[PDB]
């Protein structure tokens, strides 16, 4: 059984819907800004990929009271996807064959800390309030959406750091392949806050040399890259069984023709390369069309960028595809990156262009030879690949093809 994408929705640093995102991508436009909050917290990195949207009022009071930002972004993305897929309430609500798999990387460090802070104050439990569990818990994104959308099928979160939402999409596909669901909403969200960001800064993973020029901070494949730029936001796609989509006349973006999920079994925070090779090969099994474009994980870290470039080489040899790292524009939204980047790749597929890998002033010599596109290029694409690798050695790749 075959799985296709029939709707998408997105809230990111570069746009609050697929149209705004489309524009940003075609224009090579950065969503990175200076963050007083990060600076005020005592961090060395003072730049981020922020959602440019005040979300107050956009969700019913009785629904949003249970939600952290990760859930808010995913909820809003899911509203867009439902509408983009043309699904009425009666199509998807109160339906055993309709499910939801969506997560975050960090849950909500902000609300974990708030609960602990409140509890140590003069008010104790009355300051904590009864809503922190659903905000702080690691399954908040799925729990907070499944309920108001009246989801009856599967309902849980995958979590795998930077691969989170990619595994969510892959697992949705598996639910379709196993015949258990006709539709699975798949994606994720991530909050943006110093509570989480300082943890990445404390291990040296974030960019710190470019705070005066926020838009030049994220620079995948550039010789002077110094870490990733943390971001937040959300995404959701509608994964749907093929016959079901055709039957209702759904607009199909692409079929998911490949899904790789592997493990390094090596180091905690440095990639092995092996395993990413295996992940991509796994995603290519039975796919006999060439990859026309690869959206790299490409976070703009020294070690990580070239490790992935080496894996791409080993997998593709002398038939390596056009590559770009959209994180040079968007920053790294962690758990939300997989679904957002699938969406970016889906937009490139739909509208026939390759988004630029920006901010390469001096190309890293380990990237010599490869087809890294630094300029918006119109091209008919048929098959695209997107890589998601996280801490803990967890790997995911999605391969999507036009029908």
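Positions refer to the first chain, counted from 1.
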Quiz item: Looking at the entry, does 77 to 85 or 281 to 289 show the higher mean C-alpha B-factor?
Solution: 281 to 289
Quiz item: On average, are the C-alpha B-factors higher in 236 to 244 or in 269 to 277?
Solution: 269 to 277
Exercise. Kindly indicate the residue among 314, 190, 182, 264 with the greatest C-alpha B-factor in the PDB record.
Key: 314
Quiz item: At the C-alpha atoms, which of 333, 213, 164, 326 reaches the highest B-factor in this entry?
Solution: 213
Quiz item: Among the modelled residues of its chain, does the C-alpha B-factor of residue 257 lie in the lowest, middle or highest third?
Solution: lowest
Self-check item: Record-listed C-alpha B factor of residue 229: chain third
Solution: lowest
Quiz item: residue 118's Cα B-factor: lowest, middle or highest third of the chain?
Solution: highest
Quiz item: Lowest, middle or highest third: where is residue 352 by Cα B-factor in its chain?
Solution: lowest
Self-check item: B-factor third for the C-alpha atom of residue 344 within its chain
Solution: lowest
